[PDB]
Amino acid sequence: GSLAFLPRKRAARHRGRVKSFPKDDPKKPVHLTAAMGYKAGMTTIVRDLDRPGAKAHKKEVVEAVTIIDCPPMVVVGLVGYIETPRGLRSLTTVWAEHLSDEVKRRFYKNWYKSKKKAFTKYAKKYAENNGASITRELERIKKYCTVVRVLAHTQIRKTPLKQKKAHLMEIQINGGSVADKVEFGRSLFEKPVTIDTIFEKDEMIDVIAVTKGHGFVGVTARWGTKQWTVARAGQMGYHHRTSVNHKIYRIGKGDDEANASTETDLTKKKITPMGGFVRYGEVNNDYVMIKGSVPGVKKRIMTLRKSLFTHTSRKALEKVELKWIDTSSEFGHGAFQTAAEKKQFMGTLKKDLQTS
Amino acid sequence: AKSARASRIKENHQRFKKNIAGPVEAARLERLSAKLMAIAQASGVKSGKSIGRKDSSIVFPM
RNA sequence: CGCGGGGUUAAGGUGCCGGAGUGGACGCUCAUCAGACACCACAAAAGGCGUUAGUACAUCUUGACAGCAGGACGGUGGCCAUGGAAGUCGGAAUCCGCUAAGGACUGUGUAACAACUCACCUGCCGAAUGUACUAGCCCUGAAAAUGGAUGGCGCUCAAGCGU
RNA sequence: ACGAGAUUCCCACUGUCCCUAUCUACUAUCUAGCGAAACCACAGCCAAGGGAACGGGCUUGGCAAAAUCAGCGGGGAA
RNA sequence: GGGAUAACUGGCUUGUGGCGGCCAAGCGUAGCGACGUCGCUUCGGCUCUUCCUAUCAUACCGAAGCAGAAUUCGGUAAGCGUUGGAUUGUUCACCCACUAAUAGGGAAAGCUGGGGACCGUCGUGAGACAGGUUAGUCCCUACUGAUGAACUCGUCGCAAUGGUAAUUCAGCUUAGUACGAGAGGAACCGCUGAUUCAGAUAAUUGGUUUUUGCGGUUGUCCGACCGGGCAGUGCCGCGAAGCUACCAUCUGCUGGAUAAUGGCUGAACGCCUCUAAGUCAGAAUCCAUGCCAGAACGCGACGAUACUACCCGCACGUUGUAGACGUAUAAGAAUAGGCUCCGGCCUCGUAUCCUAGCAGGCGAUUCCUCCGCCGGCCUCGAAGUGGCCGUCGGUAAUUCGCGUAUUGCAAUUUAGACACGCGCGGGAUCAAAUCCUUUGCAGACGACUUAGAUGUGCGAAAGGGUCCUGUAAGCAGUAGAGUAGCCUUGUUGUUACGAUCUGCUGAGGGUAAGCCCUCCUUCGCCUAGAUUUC
């Protein structure tokens, strides 16, 4: 096996941390870096390839893509860091007024029995002429910090998940003066940020998630067998992984009602498979169609971040043209893309006449 | 073959990052920042402009 | 060599572990894992355009060593041999003239010449040089395989070496 | 000709293998009750040094943080 | 038969033979004598992890009639790899290929095939003996994973340290170009794949089936039908879901400094020199980033903190302190130079500041000097403070008056700072976690992701969808092979049974247990009870 992933222990957290944001210079415009989504499943697409020099040039190729449900994130805070001889240090963070119930659920282990008063005194700071305190923290970030990050949380009431406790993370603000990005973060308070604004089509991203667990496994399946360097039994899976160079093929809007339609096939259909995504449900929000496979089980929190370096391949900066998107059922050997297509093929049934 | 950390490959990648990948990613960043710009734009002591004090050690306790 | 108190020493030490000197004098040495007492082996009449002291011989205002500007000529393409061979693919002799000096030629070069260069000589410059050995210290003088050892940190006009 | 005799060759089959994957039952696991034995100077981290190619206790370094659960087989003359 | 002896090697080993003569600096005062030259010639296989370099390949360099291509010799380099068969005829055991290549060793090790020694007797030109005796010694730690008390619980982070990852080949273009008499025949830039390795993933394809889901069928049984039991899952077909497969799919990233070597300026050494001072480039090398873990005695930011006592003021402690007693003092930079007030100054911090008073009294005389607390305005973020102004309080720079005794001739001159605790009197707040039930993104057990307080809630049914199987039970049609009665001949006589076929019927059955949805689709449950906490 590989000694670069040697401490094969369970991840300390279920969310997964970025661990590196792309290097910042003030010349680029102000932008965000990362976002969160929920893994929905996989589907098959047909792509009109435009790869000069390849055997499949000017031909149709069938590829596997993964769907990540991406409801808009709400910006509810701002954090500032300073450079020290001991690394980066958090100087102060400025929260927004009027936090939602979901983001407060993250702060509690027993939300149902609690007297929900998180940030109750902090809200009075805004509205009781202690706005000097809020501005003093904002000015402190401007004149002392070198990196400013945004606290954004998901909206899982839109996600078909039984979990009600949202997910917080810090997203770095890159490309600008420290003063410019602080005004950027304050203006984003209490506001939803959509995925098509953070990323876009035919760009290559990195995804961070915790892998599927397998429990106690022996040497045959853990280390791949035909001291610290000797294969042993232990935990396999549930490991933090950072996969890079995954191309976004499509960003769906959710309100389009024709998300899975292309310029080639004129079928008004959404991305959700016939009968729903197996073990997940229906994607009713913005979604990111990522090529290939991505670490994590279905309905697992998914961390999307930008590439740390400018790309060196023609796989990037190449246009992606879609011909057809599969929507047939994943619960079996499906053969119908729409409910209408099934009824047209089989005619009318005994129950159809009895009801009518 | 030439390794991934070869000096020559780094030089070729550096030219590619500057002459092909650079302009494309710069145009992409302009469009993305414009969309986020649209969403976002949609006494010193008594005002906080004079940044004052809020609310193990490094020196020996004298 | 009984149980205790005080004083002084031996071997060994006084940069910190560690009690006592970052003590004094004059020198030597820079090592791409120096050396800090093993001095036996590797190891020799050994390799060093490292550095210091010394011995012997030799050249020098009659101008020494280095350099720069010039000469480097004639018999004569000496004899044999070679398709060709003139100082310079080879064999053997290797003399004389003009000389300040210049090999029947030390290398480059031509098919053969030509041409360049060296030896050697002169002018300019100006005071000290050359060769070979000896003795110190320094580099190399052969090393495998878990990560480790002047006891450790570390030490360079030393905290190394000699008195 | 005969032989649960041996060998070679030919056809056929096979998770023997390329190269593994899946499934079932009893264990392994946790609980209630019951409940031993082997063995035991005292202990238990590594490296270099400890003339008798001998170290586990000495030297001098690396170090070094309570209490636990499961897996293993590395160590304990001629 | 007796004597000495347990046995060997440990800065061991490696690439260049011995003998004789000639030459030979020296030592020496004949003898030793190197380099050269001449003369004569038990064994095999199996392995995993790591290390070494004495490098087979891949990277980079120096040289060679090295035109190109292919090479050969050498240097730095261990980063990265180093195969599949035969062993079935003969031998010094070694052929077949594939590949970029099919390098050598150490840790010296276990499995697997090949291939005993003493007396006794009878004899010794020599052996024989079923004659006797006999040795054959489940725990701790290491590693891999999982929890964890103390710091109130939780949320978001930093990154010391430890590990570290990519590899080789091919094809297109350059190009039938450079080069070459011909035959032949490259490379940089650019583009696309594949091998090995590594990390993931289940759309699709294949595999697997206790979904015992549906169907078929054997034997036996429930009296027959229907519906079923048993055959430790009877056998057969399909079979979702889950798990998996270079049998499937996706992804594998960039800066600095160097080695060999090639250079620039330039002494040594009046030429010269890549080196001495200075300095440029340069390998798959080294160090980091990207990547993995997070110090359970490293740190930061934030939220809410019920009591206790959270904050503030002062009152003390028979409270703890690797150790107050003036715990006083900010330029930066050079050392073959620097500072300045621009006059000058610099070995020298043996300097500057502060420094008197019942442990520091009281009252004056006299003074605007110094110290302190509070506010207002600002400034200090590398582990966060100081300045300015104002109020009030204290204040020998000069000089006096009153007081000190008795602690008895010394006995730490109990006196500082931080932290902790006990008390008042002023302000402020009315919290969480765990057990429990639940979830399966998780799982040996703990742990983890969840949900439980009125809700887009939880649970049980039901309806719909999506998948699996393959057309249910029953009824009916002379469609129907065949088996039998009625009367008398039937050229079309009738009546019953009748396997099978057809229609109702892509029907019936199953469907989350780790599939999807719910407009009032129906029914029910709810603000608990127990422990602990600054």
Side-chain angles (χ1 to χ4, degrees), chain A residues 1-10 12 14 19-20 41-44 51-55 62 64-66 79 81-82 84-93 95 106-110 112-115 117-122 144 151 157 162-165 168-170 211-213 215-216 227-230 232-235 238-246 274-279 281-282 291-300 308-309 314 326 329-334 339 346 349-350, chain B residues 1-7 10 12-13 43-45 50 53 56-58 61-62:
Chain A
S2 204
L3 314 206
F5 307 90
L6 203 66
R8 290 202 102 117
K9 58 186 315 198
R10 321 185 166 150
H14 186 81
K19 295 218 218 173
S20 276
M42 313 211 40
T43 181
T44 293
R51 193 165 286 149
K55 286 317 107 185
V62 159
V65 297
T66 178
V79 191
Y81 298 77
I82 63 165
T84 75
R86 301 186 285 172
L88 277 188
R89 171 162 99 76
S90 170
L91 188 59
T92 185
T93 174
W95 298 89
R106 172 63 52 190
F107 298 127
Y108 283 101
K109 289 260 178 331
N110 307 294
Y112 68 109
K113 46 154 76 170
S114 79
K115 331 270 280 303
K117 288 190 334 312
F119 289 85
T120 281
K121 323 270 172 82
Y122 192 93
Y144 288 121
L151 292 145
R157 47 188 233 280
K162 274 111 179 159
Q163 178 171 331
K164 300 173 195 178
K165 166 152 37 186
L168 265 169
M169 75 167 318
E170 274 161 286
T211 62
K212 160 159 75 158
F216 196 87
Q227 220 193 35
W228 65 307
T229 62
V230 188
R232 296 292 181 185
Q235 171 89 24
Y238 207 62
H239 295 327
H240 186 277
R241 292 293 185 257
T242 300
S243 320
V244 302
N245 287 358
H246 293 297
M274 215 195 184
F277 272 113
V278 161
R279 227 158 69 250
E282 291 85 352
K291 188 212 168 65
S293 63
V294 169
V297 310
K298 292 192 170 208
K299 88 180 73 173
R300 176 154 288 179
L308 294 194
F309 325 111
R314 307 272 177 180
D326 203 24
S329 192
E330 310 174 3
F331 203 44
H333 298 276
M346 320 216 327
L349 299 165
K350 166 175 174 175
Chain B
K2 293 302 263 164
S3 172
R5 20 202 163 74
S7 305
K10 290 155 155 182
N12 311 327
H13 287 347
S43 176
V45 186
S50 183
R53 296 269 168 127
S56 179
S57 180
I58 182 169
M62 164 249 192

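Hydrogens, waters and symmetry mates play no part in the numbers below; they use all other heavy atoms, side chains included. Quick note on labels: first sequence line is chain A, next is B, and so on, each numbered from 1.
Residues meeting the salt bridge (charged side-chain N to carboxylate O under 4.0 Å, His left out) test with A:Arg241, sequence neighbours left out: none. For the side-chain contact (heavy atoms from CB on, under 4.5 Å) test, residues two or more places apart in sequence or in another chain that qualify with A:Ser2 are A:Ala4, A:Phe5. Residues meeting the side-chain contact (heavy atoms from CB on, under 4.5 Å) test with B:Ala6, sequence neighbours left out: B:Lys2, B:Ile9. Not counting sequence neighbours, B:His13 has no partner by the ring-ring contact (aromatic ring centres under 6.0 Å, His included) test. Applying the ring-ring contact (aromatic ring centres under 6.0 Å, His included) test to A:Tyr238 and every residue at least two apart in sequence or in another chain returns A:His14. A search for salt bridge (charged side-chain N to carboxylate O under 4.0 Å, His left out) contacts involving A:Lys212 returns nothing, not counting sequence neighbours. A:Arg86 meets the salt bridge (charged side-chain N to carboxylate O under 4.0 Å, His left out) test with no other residue; sequence neighbours excluded. Partners of A:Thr92 according to the side-chain contact (heavy atoms from CB on, under 4.5 Å) rule, which considers only residues two or more places apart in sequence or in another chain, are A:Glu137, A:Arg140, A:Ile141, B:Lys54. With sequence neighbours excluded, no residue forms a salt bridge (charged side-chain N to carboxylate O under 4.0 Å, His left out) with A:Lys299.
Relative to the side chain of B:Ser50, the nucleotides E:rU379, E:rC250, E:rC441 differ in distance, and E:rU379 lies closest.
Think of the region where chain A sits on RNA chain D: with heavy atoms and a 4.0 Å cut, that region ends 5' and 3' at D:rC19 to D:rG73.
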With sugar-phosphate taken as primed atoms, P, OP1 and OP2 and all else as base, the protein-contact string of nucleotides 443-450 of chain E at under 4.0 Å (heavy atoms; B, S, -) is SS-BBSSS

Once base and sugar-phosphate atoms are separated, protein heavy atoms under 4.0 Å mark nucleotides 165-170 of chain E, 5' to 3', with B, S and - as BSSSS-

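A positive value of the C1'-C2'-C3'-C4' dihedral assigns E:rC448 to the north, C3'-endo side.
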